[PDB]
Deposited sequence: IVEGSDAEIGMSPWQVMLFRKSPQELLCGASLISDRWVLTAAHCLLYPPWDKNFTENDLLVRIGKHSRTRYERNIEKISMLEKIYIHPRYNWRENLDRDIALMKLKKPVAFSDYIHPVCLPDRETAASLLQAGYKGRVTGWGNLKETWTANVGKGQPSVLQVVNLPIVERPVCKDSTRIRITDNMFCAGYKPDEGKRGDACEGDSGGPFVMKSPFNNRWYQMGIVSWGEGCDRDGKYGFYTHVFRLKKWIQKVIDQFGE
């Protein structure tokens, strides 16, 4: 995250850390959607061009974290994946289209002041909140600067931008499974996700029922916080029918 701040304690209790067993290391962000399931970007697990193809075994899930680096002795819980599911039509070849994956935990986690799930949007909720101008919030332990790593979880509030402008800022082909967010060079406010923030949640708070909803997943971008550039996220509501599906077939 570029131009954000440290999160307050328990500000984002669905925030999950994707963690490598050896070298033990931060892979990506992700989010708690129930006591057994985690939501992240598919490219966090499968990205052939970087020779990336992680297995259930390659990792751990860290929930309830604040500190990037410390092992939060009575706060955080570490879990093991029972399985990984990637959107069958996720496109690593041309533009990270359908950048989405689900992870089923070996054992259901217990919620706490620091551990609590995010809601998935319904058609009406998405209908009304995914509007150009409306702000969302992103969190992650990622790069602070395009060129480093924070000590604590970072947060930023960013406005959704019109598809036209999103499309006109880049050479890459944008699909309906993506939305972009950031400020306009004239709006004079900064911030963005950045390398290492991948897989993290872009959430909105409903004004109707005052619940926090997850609308996007941190996907890709061009540099971090550059004028005329915007962060791109996986449009969670559009890939919902796929999510429903796998949960209904493989668990809970």
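Q: From the N-terminus onward, what segments of the deposited sequence lack any C-alpha atom in this model?
A: Hole in the chain trace, numbered from 1: 148 to 154.
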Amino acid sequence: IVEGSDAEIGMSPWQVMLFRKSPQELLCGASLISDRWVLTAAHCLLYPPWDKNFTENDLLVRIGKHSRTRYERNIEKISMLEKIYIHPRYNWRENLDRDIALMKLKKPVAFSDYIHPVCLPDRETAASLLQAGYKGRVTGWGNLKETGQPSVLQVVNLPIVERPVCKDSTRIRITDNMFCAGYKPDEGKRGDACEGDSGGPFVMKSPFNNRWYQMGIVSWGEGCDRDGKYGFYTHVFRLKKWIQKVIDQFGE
From here on, numbers count along this sequence of modelled residues.
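Q: Taking only the CA atoms, which stretch has the higher mean B-factor in the record, 216 to 224 or 63 to 71?
A: According to the entry, 63 to 71 carries the higher average C-alpha B-factor.
Q: Between 203 to 211 and 48 to 56, which has the higher average C-alpha B-factor in the PDB entry?
A: Averaging CA B-factors over each stretch, the winner is 48 to 56.
Q: With respect to the C-alpha temperature factors reported in the PDB entry, which of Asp99, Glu82, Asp176, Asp113 ranks highest?
A: The listed residue with the largest C-alpha B-factor is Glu82.
Q: Per the entry's values, where does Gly182 land by CA temperature factor relative to the rest of its chain, in the lowest, middle or highest third?
A: Answer is lowest: the recorded C-alpha B-factor places it there.
Q: So where's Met17 on the chain's Cα temperature factor ranking, which third?
A: Middle third by C-alpha B-factor.
Q: Considering only modelled residues of the same chain, in which third does the CA B-factor of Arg137 rank: lowest, middle or highest?
A: Tercile = lowest for this residue's CA B-factor.
Q: Should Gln149 be placed in the lowest, middle or highest third of its chain by the C-alpha B factor in the entry?
A: Highest third of the chain for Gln149's C-alpha B-factor.
Q: Would the CA B-factor of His235 place it in the lowest, middle or highest third of its chain?
A: Ranked within chain, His235 CA B lands in the lowest tercile.
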